[PDB]
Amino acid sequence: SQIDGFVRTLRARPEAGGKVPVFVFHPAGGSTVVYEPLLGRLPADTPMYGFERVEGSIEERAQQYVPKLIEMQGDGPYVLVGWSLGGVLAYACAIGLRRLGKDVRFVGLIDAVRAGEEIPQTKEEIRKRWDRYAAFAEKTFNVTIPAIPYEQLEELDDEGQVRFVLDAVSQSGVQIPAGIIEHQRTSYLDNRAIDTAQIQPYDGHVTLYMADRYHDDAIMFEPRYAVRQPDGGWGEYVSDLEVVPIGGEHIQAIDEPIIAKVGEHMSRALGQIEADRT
């Protein structure tokens, strides 16, 4: 995998012609190398490019990706796919591309499932979330995370909360590798980017590959992900939603054997698109 800006080449397209590329978008706290199992289950010579992390709200991230998508693929067709946060990013790009008159053929959400219940916007919720992260950081890094004063919780947005903790961490003098600090920073913000995403309507085909449940660690961070709606929270927004059950838990959906089901279904979709453009 070669990287150029925020674009990872997972399989380069031929010099000219060839099949429609699959554009995959990174998950919360990971890179697009996670899509290599999927690529192994897609038709031979299917190109694939991964869009890695950029800063901003979902819409601001899409505003950086959509111009690059068009630079690479022009009028279309567009195949946009993502697990975790990448599914929301793929969906946001599909909306932007459609608004610009581009040809989007397939949006693939790999268990990018909304919380079954609205997350309240209270200091109590912010507190519990940061204490759950403090517990995660102890079980994981055996490190003590500082806590934000209760009456300052609603004075800090997500970025500001993370900045507060990172500074107080370095001011506390705990030894944490910077590489872990940066992975933790992006994982926290990207998980919150899923939490706070506002889904816009999309008049187009979307396939939701739906696992059985979020895994325990996800539910420990935010228990409202223990509940799932049958449409994963997407039915009110998508005119043509196809829900493909894949079993397993959210963390397993990206890897074998669960990804074989995703690849088998997506390969048929890709074969139809290739036939349709020929």
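Heads up: residue numbers just count along the shown sequence, starting at 1.
As recorded in the PDB entry, 149-157 is the stretch of 109-117 and 149-157 with the greater mean C-alpha temperature factor. Taking the PDB entry as given, 175-183 carries the higher mean Cα B factor of the two stretches 175-183 and 125-133.
Per the PDB record, 59 has a higher Cα B-factor than any other of 59, 222, 52, 36. In this entry, the residue among 47, 29, 235, 40 with the greatest C-alpha B factor is 29. The PDB entry assigns residue 21 a C-alpha temperature factor belonging to the lowest third of its chain's modelled residues. The PDB entry assigns residue 4 a C-alpha temperature factor belonging to the highest third of its chain's modelled residues.
Residue 71: CA B factor lies in the lowest third for its chain, per the PDB record. Ranked by C-alpha B-factor against the other modelled residues of its chain, residue 190 falls in the lowest third.
Ranked by C-alpha B-factor against the other modelled residues of its chain, residue 78 falls in the lowest third.
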